[PDB]
Amino acid sequence: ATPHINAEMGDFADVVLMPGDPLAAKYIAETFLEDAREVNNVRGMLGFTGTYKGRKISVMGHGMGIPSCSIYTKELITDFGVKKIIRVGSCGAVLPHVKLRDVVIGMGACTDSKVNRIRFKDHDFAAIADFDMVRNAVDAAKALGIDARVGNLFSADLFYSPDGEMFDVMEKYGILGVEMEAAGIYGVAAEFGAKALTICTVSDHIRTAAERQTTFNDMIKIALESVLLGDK
Amino acid sequence: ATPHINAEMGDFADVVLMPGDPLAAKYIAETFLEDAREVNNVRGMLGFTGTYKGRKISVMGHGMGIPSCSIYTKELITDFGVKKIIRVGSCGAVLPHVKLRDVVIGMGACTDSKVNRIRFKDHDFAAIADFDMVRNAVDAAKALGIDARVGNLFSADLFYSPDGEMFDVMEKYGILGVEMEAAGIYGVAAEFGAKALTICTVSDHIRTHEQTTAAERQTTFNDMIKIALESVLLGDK
Amino acid sequence: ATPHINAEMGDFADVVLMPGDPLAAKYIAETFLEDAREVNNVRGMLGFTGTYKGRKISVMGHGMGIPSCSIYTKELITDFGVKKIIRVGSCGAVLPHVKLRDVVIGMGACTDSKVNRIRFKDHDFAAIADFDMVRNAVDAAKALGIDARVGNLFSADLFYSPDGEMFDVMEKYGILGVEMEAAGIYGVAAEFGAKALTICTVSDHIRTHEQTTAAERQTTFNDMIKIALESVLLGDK
Amino acid sequence: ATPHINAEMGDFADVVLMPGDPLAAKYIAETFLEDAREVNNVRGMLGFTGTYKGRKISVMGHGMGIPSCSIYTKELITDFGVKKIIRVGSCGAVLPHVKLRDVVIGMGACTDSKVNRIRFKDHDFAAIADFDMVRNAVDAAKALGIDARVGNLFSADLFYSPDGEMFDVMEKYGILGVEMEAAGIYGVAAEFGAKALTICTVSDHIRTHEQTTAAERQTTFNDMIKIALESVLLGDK
Amino acid sequence: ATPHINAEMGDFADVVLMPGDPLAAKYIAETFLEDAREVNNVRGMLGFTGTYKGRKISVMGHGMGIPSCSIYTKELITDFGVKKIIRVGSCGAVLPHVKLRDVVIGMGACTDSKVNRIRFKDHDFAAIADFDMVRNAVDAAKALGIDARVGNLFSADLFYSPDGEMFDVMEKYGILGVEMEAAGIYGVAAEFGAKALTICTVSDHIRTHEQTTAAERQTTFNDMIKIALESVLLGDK
Amino acid sequence: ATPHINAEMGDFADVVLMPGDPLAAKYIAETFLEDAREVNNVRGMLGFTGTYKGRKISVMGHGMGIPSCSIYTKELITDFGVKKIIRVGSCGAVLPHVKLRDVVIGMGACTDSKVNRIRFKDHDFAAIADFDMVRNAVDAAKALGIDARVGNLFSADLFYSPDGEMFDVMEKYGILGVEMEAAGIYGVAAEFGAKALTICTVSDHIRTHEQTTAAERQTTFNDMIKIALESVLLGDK
């Protein structure tokens, strides 16, 4: 067990899907995994392991923000032998061209966090996903006929930013979506030699429960299917 | 309701105790409060409201890290009329003398996060607690015969930091404890015109992560929570 | 002696009041102290030691700006065995409800100087006063019937800042007063293991551009010094 | 014409291969292109335009470093309707398991330049390539029996860095190769709404001090240009 | 022979003039220099060595940008026994009284590049020219009956800056011209114990963007070179 | 009168010499000036006006540190029509070739202060002196048969730096002397359109840490003042 995870080596698969919401992880395990058992409940951060089309797969919330997910992903990679992390969350759009409910894949993630600067001697570290995983997600999305843009995310430290101007800058530089974890996860993946990817669904443009349901399931399918592609 | 809290004005007291652990909020609610009603369960971030010695009080987790706690503290202040946040958590010690199960009070909080620089034109904002709230906790501690030290906390962005030397730096300038939230909560409070305080038990020394028995953990915890609640009553006077 | 103080160990009390102006220090020694003797005149930065109600106490100017006061406070702490430093000066107010002649006590001190980032590996160091010193001042002030607000100061590097917008930032985040030394002095105290407090009187309002008259100055000045001295004796208990 | 390119709209294709060396640009037009008409020679920065397997294609030097290549790529995009830009150059390796003559594709580019900060309010802009162009190059490399590693480059401002420690950091975070332009190119691409890509061949190993020979240089170089050209075709389909 | 210069010790005089343009360096060798011999052409960065009034003197391009010229000037100093570097280029003016085609001598050079911060522990290094070299350029200029303005240059990383507002800042602080190298060359000069100077002719107005003829650009260019060459002779005395 | 200078227009010459020590300003006025009159004594910062070889000249302390001198130089320039400031103080050497009592002239001034970044949009401002004033100083030193080196000073915020390693960096990049004002003064000169120059005598080594008599300290001190006064007469050409 780790300081934040009450489980033993083997309890997780070598690939973990991670929403921000513990309850989202719960719904994923119950909806897409088979014979899914609970493996973590410390701090209510619900973690489950099961199988998807024969493939052993884990899902577990990571909570909100870079420092929260940095703890969880780190402990998974170093003490649970996890190799691939796929964050599956939502984000805000700044580009008018980006439609509500669109699926975005962050090959990169900008940030206003300082954690990568602390890692990289206060220089510019390009927080990037694993290309193979990005590819797998793009293919899996086509096989499902779902349109998915591939580009930069922006990982915010402040959900409620005192600087509205920054949004004009993100837009000028083509940021697909604004969330709060990607850049941080990519940093941890680089620090501890694993691989990761963030996939999001535009929950709103920052500028009903019906659609919001399947649109979520699309993303999960893409994530799950993409693992199978990577398995080949 | 707010995006992260499913409740309505009045569901919260004007004061909120906040541990990082939602489960710790549930324990506090059940252990110390009367007639506790759960008021939020969004993202599993449990919040409760009840009374302590006649006083209406709330307790709710804030999650780990400045960004997490910054969301909840903000929403409570803007949409739930909260006037006071008391963070109740645990920290790792850097100073040789600070004893385990010593209660540290963060009148100030250092940090390596960038959020206050973003707020303060990239100058040095001193993230501080409300002075009166600090005195109230100091006073409650003395009444309860509990050793409390007042000074600087340090709020880390990285629980697993690659910069090990920083702890020597923290030690040199007298940082009392390391956690991951204080400086962000103080930021929100200043930005949004509220008052805040962080109190922490000492869970270990950062160098030489000792083992801690369940008993001494629960015992020192209970003392912290009592200082929190009592200091509120003092402030009410 | 030190490069900037021509004196011997023991020529200073373990507590030193410090105005920025040496002439104010002179005035303090002759007006409030008994048997005051001059202990320094290097660079005309006059220093004195005498007694107040049977208590050995010193007073000495620190000059203007963090670099200047950083020198004297350091030398006092390391080479004269000084344990406590109380800065007494004036500040400009950025908040409307902070009134001319108000007494402000800086539990924290913001800054745009780089000295603390130099000490603290370029992270956010919360430049804080010593808590007991703060409470001593608050109490000593209540006893004297004088109102005092406790919060953040802002220590500026440039008296004539090219950045007018910054004041609006200070006001948004609740800065009580603008001066030029506290954060620096707090930094020295953290670095060399001593205790510091900064007390200011509002000598003008950056918004209304109002200034204190000749007579108003002395009135509030004596109140400030009285709160300083009468906070030491509380500390001695 | 632009201030650094004495050509006119039409002279370039919508795709431009760009080595640092102008002579290497000359070499490409002569060896891999047909009907190669020189379109520029200002400051000796040779630029050409021929065709490859029927596809209209340009090739031009960008000079050494971010500032240099920022000028050219900017003018190409905004004044010559260029849509894609593929850099082709050599890089140093810090990873042990990255061997000489390797083909690294930078989907990301780290840097110690300040240009992206100036662009991005001093926050962290992740300088990235266009994804399609990245896959196009990976696929073309497969079709030619080459294993192209995708990941981060480091774009240095100083070929002769005074900070030897930095190479360890690059290695620690998996930087595939060290060059001097990728990050700035990706920067211009985003600023002006264009697609860019950087392909590099490991010409030496910073650690072991090995360096490719004259022949290995020309061999791998050709393979690189081949992948570069072929990839463009894949993108057209 | 170095990575970017194909030549051996002695092939360069101990003083080198450097335009940004290789072709400008060629023009100089063939026009001002006697017995001019090409000593480099790697990457097309043409380098020459000949004599001026009996004095051995070299002239070579340095390309555009701090990173580009940092390579060449560095390699000249440590591998070719170069003692003096004189940059000879053009700059854009921000000040009103700085006239088109005026000759500006960079006694200091500001920059928005991070290279000196990387050298100087993230503090402010004043990137300055060598005094005597400056005096020599001033005197030699008076002899030629040419007015030269001595002051600050600004070395930009971006020729196409996203921050127009910055030029207003340069104007306010008395920046005589905006180029792209001076600060890097002074950086290298200080790092490796050499002496450097940048001279520039005002090519245009950042402000009025009027225009100049080739024939008058030529006149000014020659004045700059004559001043450069003559200043060397003054130094030898 | 200004907030820190109790005098009226005309009381000061258009050139003001300024040591850090007010008592040093008093000594200069008594020793070199004729018909010297005190024109300021606020905060004990004595200022004087008189004549030297028939030339009207002022001398006044500026205190210790960039923040203190910035206040005085600004007020003198904007409210007393002062056009030229000549700092005359002491510094520490880091270079072996810089011997005790050497006279160094700061053509440039590095710094770890943030004041110039606040001014210059967080870019590198090359804090420079007026060239003519520098040359005037060099020449007046020649005629007086005194050795004076021209180069970079370094203006420190902390006389007691927690970063001892920075002194190695100062040496590596040729810093002639270490003081606490030059960069600030030059920043003011540039901001308010005046001209400044800092001259220093080497008072000690941060290397060997030796000192001299009270006899030769004054000897070379007078030499510095002579160079500064004579340099003004030269500038009257």
# chains A, B, ... in the order shown; residues from 1 in each chain; ligands from 1
>>> residues_around(residues="residue C:223", least_positions_apart="6", cutoff="12 Å", atoms="only C-alpha atoms", output="number ranges by chain")
C: 28, 32, 88-89, 101-104, 137, 140-148, 199-201, 216-217, 229-230
>>> closest_atom_pairs(of="chain E", to="chain A", cutoff="12 Å", atoms="only C-alpha atoms", output="CSV")
residue,atom,partner,partner_atom,distance
E:114,CA,A:123,CA,9.7
E:115,CA,A:123,CA,11.6
E:117,CA,A:122,CA,11.3
E:118,CA,A:123,CA,9.9
E:121,CA,A:121,CA,11.3
E:122,CA,A:122,CA,10.1
E:162,CA,A:169,CA,11.1
>>> select_by_dssp(residues="stretch 145-210 of chain B", states="strand (DSSP E or B)", output="list in words")
residues 148, 149, 150, 151, 152, 153, 154, 155, 177, 178, 179, 195, 196, 197, 198, 199, 200, 201, 202, 203, 204 and 205 of chain B
>>> write_last_selection(atoms="N, CA and C atoms", output="tab-separated table (two decimals), in the first residue's frame")
chain	number	residue	atom	x	y	z
B	148	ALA	N	1.02	24.47	21.36
B	148	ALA	CA	0.81	24.96	19.99
B	148	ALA	C	1.87	25.97	19.57
B	149	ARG	N	2.49	25.73	18.41
B	149	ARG	CA	3.48	26.67	17.90
B	149	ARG	C	2.96	27.43	16.69
B	150	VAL	N	3.16	28.75	16.70
B	150	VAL	CA	2.65	29.61	15.65
B	150	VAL	C	3.81	30.08	14.78
B	151	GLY	N	3.63	29.98	13.47
B	151	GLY	CA	4.67	30.37	12.54
B	151	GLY	C	4.31	30.05	11.10
B	152	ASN	N	5.33	29.83	10.29
B	152	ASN	CA	5.15	29.56	8.87
B	152	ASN	C	4.91	28.10	8.53
B	153	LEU	N	3.92	27.87	7.68
B	153	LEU	CA	3.79	26.59	7.01
B	153	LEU	C	4.46	26.73	5.66
B	154	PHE	N	4.65	25.60	4.99
B	154	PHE	CA	5.03	25.58	3.59
B	154	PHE	C	4.06	24.68	2.85
B	155	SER	N	3.45	25.21	1.79
B	155	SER	CA	2.48	24.46	1.02
B	155	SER	C	3.07	24.00	-0.31
B	177	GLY	N	5.91	23.42	9.40
B	177	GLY	CA	5.34	22.22	8.82
B	177	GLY	C	5.16	22.29	7.32
B	178	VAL	N	5.16	21.12	6.69
B	178	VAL	CA	4.89	21.03	5.27
B	178	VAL	C	3.55	20.34	5.03
B	179	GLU	N	2.66	21.05	4.35
B	179	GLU	CA	1.46	20.46	3.79
B	179	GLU	C	1.29	20.97	2.36
B	195	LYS	N	-12.01	35.19	5.75
B	195	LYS	CA	-10.98	34.95	6.75
B	195	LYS	C	-10.67	33.46	6.82
B	196	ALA	N	-9.41	33.13	7.10
B	196	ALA	CA	-8.99	31.74	7.03
B	196	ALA	C	-7.87	31.43	8.00
B	197	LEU	N	-7.77	30.16	8.36
B	197	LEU	CA	-6.72	29.69	9.24
B	197	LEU	C	-6.41	28.23	8.95
B	198	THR	N	-5.13	27.88	9.03
B	198	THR	CA	-4.73	26.49	8.90
B	198	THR	C	-4.10	25.99	10.19
B	199	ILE	N	-4.64	24.89	10.69
B	199	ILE	CA	-4.07	24.20	11.84
B	199	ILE	C	-3.64	22.80	11.42
B	200	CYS	N	-2.52	22.33	11.95
B	200	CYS	CA	-2.01	21.01	11.59
B	200	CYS	C	-1.40	20.25	12.75
B	201	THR	N	-1.71	18.96	12.82
B	201	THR	CA	-0.96	18.03	13.65
B	201	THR	C	0.32	17.65	12.91
B	202	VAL	N	1.35	17.24	13.65
B	202	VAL	CA	2.61	16.80	13.06
B	202	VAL	C	2.62	15.29	12.89
B	203	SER	N	2.49	14.82	11.65
B	203	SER	CA	2.37	13.39	11.38
B	203	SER	C	3.71	12.66	11.37
B	204	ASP	N	4.79	13.41	11.15
B	204	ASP	CA	6.14	12.85	11.20
B	204	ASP	C	7.17	13.92	10.92
B	205	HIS	N	8.44	13.54	11.00
B	205	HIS	CA	9.52	14.39	10.53
B	205	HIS	C	9.87	14.00	9.10
>>> residues_around(residues="residue B:38", least_positions_apart="3", cutoff="10 Å", atoms="only C-alpha atoms", output="ChimeraX atom specification")
/B:7,11,26,29,35,41,46-50,58-60
>>> atom_distance(atom1="atom CA of residue F:12", atom2="atom CA of residue F:87")
15.5 Å
>>> residues_around(residues="residue F:134", least_positions_apart="4", cutoff="9 Å", atoms="only C-alpha atoms", output="PyMOL selection string")
chain F and resi 105-107+129-130+138-139+150+197-198+231
